[PDB]
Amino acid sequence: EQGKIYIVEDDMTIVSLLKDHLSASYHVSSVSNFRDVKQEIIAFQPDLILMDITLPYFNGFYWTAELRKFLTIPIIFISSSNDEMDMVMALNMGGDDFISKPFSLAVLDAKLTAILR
């Protein structure tokens, strides 16, 4: 009965890192097929999505707006240190929060805790 987190990320290092860390406290799944994310989300029923918006061949901006037609669950963006994002931007893009790479797991933990309640 742990909270379910779905991770949209193509970097297997990052995915492994997050699965290792978060699995103690959450049911964590990552994308299997990037062309099937709507079905994967319908089937998995996550409580929260971690959405990397820096993936070259998965348009995180497009897909967040598409998912927002259907979902009210929190979406936390994973952004780049390079990129300069803020909460106004995150909200206008359909997100609830953001965290920039490279990030501390401690900061991610605090954000996950606060948001999931």
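Sequential numbering from 1, following the sequence displayed.
J.: When the C-alpha temperature factors are averaged for each of 85-93 and 37-45, which stretch ends up with the higher value in the entry?
T.: Stretch with the higher mean C-alpha B-factor: 85-93.
J.: Averaging only over Cα atoms, indicate whether 99-107 or 5-13 has the higher B-factor in the PDB entry.
T.: Of 5-13 and 99-107, the stretch with the higher C-alpha B-factor average is 99-107.
J.: Just say lowest, middle or highest third for the CA B-factor of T72 relative to the other modelled residues in its chain.
T.: Middle third of the chain for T72's C-alpha B-factor.
J.: Relative to the other modelled residues in the chain, which third contains the C-alpha temperature factor of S29: lowest, middle or highest?
T.: For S29, whose C-alpha B-factor we compare with every modelled residue in the chain, the answer is the middle third.
J.: Ordered by C-alpha B-factor within the chain, which third holds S80? Give me lowest, middle or highest, please.
T.: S80: CA B-factor falls in the highest third of its chain.
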